[PDB]
Amino acid sequence: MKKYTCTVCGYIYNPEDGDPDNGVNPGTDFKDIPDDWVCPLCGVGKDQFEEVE
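Naming follows the PDB entry, where the protein chain appears as Rubredoxin of Clostridium pasteurianum. Its PDB record names the entry "cadmium-substituted rubredoxin". Taken from UniProt, the Function comment for the protein chain reads in full: "Rubredoxin is a small nonheme, iron protein lacking acid-labile sulfide. Its single Fe, chelated to 4 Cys, functions as an electron acceptor and may also stabilize the conformation of the molecule." The annotation that UniProt attaches to the protein chain under Sequence similarities is "Belongs to the rubredoxin family."

Dropping the structure here:
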């Protein structure tokens, strides 16, 4: 699974770690994160994230 980066602040979503404190379990692909989730550091929405190739 690919990492995604917040293009506003630089936070990296790593699917191996998830974001469990906000209900995103380890192993969750970015696309499957509920679409009301926001960056845990700066608070912007999923639409400001981009796939890390």
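### Topic: the overall build of the protein chain
If you tally the helices and strands in the protein chain, you get zero helices and three strands. When the helices and strands of the protein chain are listed from N to C terminus, the series reads β-β-β. Taking 2.2 N^0.38 as the reference for a compact globule, 53 residues should give roughly 10 Å; the C-alpha atoms of the protein chain span a radius of gyration of 10 Å, in line with that estimate. With the C-alpha coordinates of the protein chain rotated into their principal frame, the extents come out at 25 × 25 × 15 Å. Of all 53 residues assigned to the protein chain, the portion counted as buried reaches 32%. A separation of at least 24 residues holds for 44% of the contacts in the protein chain among residues at least 6 apart in sequence. Taken as a whole, the protein chain presents about 3500 Å² of accessible surface, with 43% of it coming from carbon and sulfur. Charge centroids of the protein chain, computed over 4 positive and 12 negative side chains, lie 6 Å from each other.

### Considering the packing of aromatic side chains
For the structure on display, the rule yields seven aromatic pairs. When the ring of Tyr 13 is compared with that of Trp 37, the centres are 6.1 Å apart and the planes differ by 70°; the resulting orientation is edge-to-face. Residue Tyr 13 is located in strand β2 (residues 12-13), and its partner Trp 37 is located in the loop between β2 and β3 (49-51); the two are separated by 24 residues in the primary sequence. Ring plane angle 90° and centroid distance 6.0 Å describe the contact between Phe 30 and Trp 37, whose orientation is recorded as edge-to-face. Among the aromatic residues, ring-to-ring pairing joins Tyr 4, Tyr 11, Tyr 13, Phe 30, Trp 37 and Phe 49 into one connected group. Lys 46 extends its terminal NZ or CZ atom over the ring of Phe 30, reaching a point 4.9 Å from the ring centre.

Conventions used here
- Residues numbered from 1 in each chain as written, not as in the entry; some residues may be left out.
- Heavy atoms only, no water.
- UniProt positions renumbered as here; feature names shortened; annotations may be inferred.
- Helix = DSSP H or I, 4+ residues; strand = E, 2+ residues; numbered from the N terminus.
- Rg over C-alpha atoms; globule rule 2.2 N^0.38 Å.
- Buried < 20%, exposed > 50% of the residue type's maximum accessible area, 1.4 Å probe, protein only.
- Contact = heavy atoms within 4.5 Å.
- Areas by Shrake-Rupley, 256 points an atom, 1.4 Å probe, with all protein chains shown as cover.
- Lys, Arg positive; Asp, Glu negative; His and termini not counted.
- Charge placed at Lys NZ, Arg CZ, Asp CG, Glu CD.
- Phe/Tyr/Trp six-rings, centres within 6.5 Å; stacked < 30°, edge-to-face > 60°.
- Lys NZ or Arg CZ within 6 Å of the ring centre and 35° of its normal.

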